[PDB]
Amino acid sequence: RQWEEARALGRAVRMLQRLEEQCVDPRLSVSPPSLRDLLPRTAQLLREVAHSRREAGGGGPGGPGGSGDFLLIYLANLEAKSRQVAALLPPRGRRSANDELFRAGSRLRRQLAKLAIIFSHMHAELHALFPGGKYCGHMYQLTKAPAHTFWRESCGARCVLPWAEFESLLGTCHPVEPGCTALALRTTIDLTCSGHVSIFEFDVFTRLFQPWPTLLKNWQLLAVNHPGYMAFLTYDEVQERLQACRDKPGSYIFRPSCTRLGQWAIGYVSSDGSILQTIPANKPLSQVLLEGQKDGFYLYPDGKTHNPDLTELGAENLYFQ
């Protein structure tokens, strides 16, 4: 067994090249995430992976959760996702279509941004686990130590896990309420919508919802139950959303940055009525919103009046840091 993976990688690369052709419409995109930057970016990185592994004693061990297993799943998913984009914006292209695909607020536009985000996340994961094509998943270090401790004691050297096993493991540390809560969490953690959670995906989430002792609490209070939290939005979408709230200076919404993974992008309307977006480093989100509230910048989630009191959570988070 030497050539299956190579064929897989080649199949993917060709498909990315073919999909790049279908993204012929000018209105794409071009602000990050842009499928048009991402596709050839991801293609070349795949070539490097292909090439780095012709000549490989590596990387790492090769049971489930190793590099070979990771790629099997990763490529399968990339292909799946590519088909969805194929179906959305055919054909070669042909003319200039579809007009709805680029109306702010439209459904297709959202379907497209969500796919564009998935591609950004798919590339980010590969770049993190195979920098320059060279696998480091057996050595990768999570940013928050307690997260790191967890991942290595639970998962060992593995870089990737099926959702079910991951949930079970996370559960024995922070209990995950079954049903709609467990589903919401899965949707938040599984950035690639692959059915598996990578050491990278986990790095993103544990950074976003630090500190560790309140991991799920933060996710629950600041994402699931906060009206200012906007799951999986692009920058341009934020700009579009807040257009209505330009009346109410102090209106704000937040989401994960797409280009600085692990970090938040707060979007607020200024005094002037200008829509500004800022990425804070590197505080918990509870600290970020409290200070922005206390300074008059972050007052009205989604342009609405009910701003959850986070006083206790913020205090709790400083205590645990």
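Note that residue numbering begins at 1 and tracks the sequence as displayed.
A.B. asks: Going by the B-factors listed in the PDB entry, is the mean over the C-alpha atoms higher for 225-233 or for 185-193?
C.D. replies: Mean C-alpha B-factor is greater for 225-233.
A.B. asks: 37-45 versus 62-70: which one carries the higher mean Cα B factor per the record?
C.D. replies: Looking at the recorded C-alpha B-factors, 62-70 comes out higher on average.
A.B. asks: In this PDB entry, which of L101, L208, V160, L129 has the top CA B-factor?
C.D. replies: In the PDB entry, the greatest C-alpha B-factor among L101, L208, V160, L129 is found at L101.
A.B. asks: Maximum C-alpha temperature factor per the entry, among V238, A87, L215, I117, belongs to which one?
C.D. replies: Of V238, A87, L215, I117, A87 has the highest C-alpha B-factor.
A.B. asks: Sorting the chain's modelled residues by C-alpha B-factor, tell me whether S31 ends up in the lowest, middle or highest third.
C.D. replies: Highest third.
A.B. asks: Taking the chain's C-alpha temperature factors as the reference, tell me which third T259 falls into: lowest, middle or highest.
C.D. replies: CA B-factor rank for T259: lowest third.
A.B. asks: What third of the chain, by the recorded C-alpha B-factor, contains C136?
C.D. replies: As the PDB entry reports it, the C-alpha B-factor of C136 lands in the middle third of its chain.
A.B. asks: Select lowest, middle or highest to describe the third in which the CA B-factor of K248 falls within its chain in this entry.
C.D. replies: As the PDB entry reports it, the C-alpha B-factor of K248 lands in the highest third of its chain.
A.B. asks: Check where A76 lands among this chain's C-alpha B-factors and tell me if it's the lowest, middle or highest third.
C.D. replies: Its C-alpha B-factor, which the entry lists for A76, ranks in the lowest third among residues of this chain.
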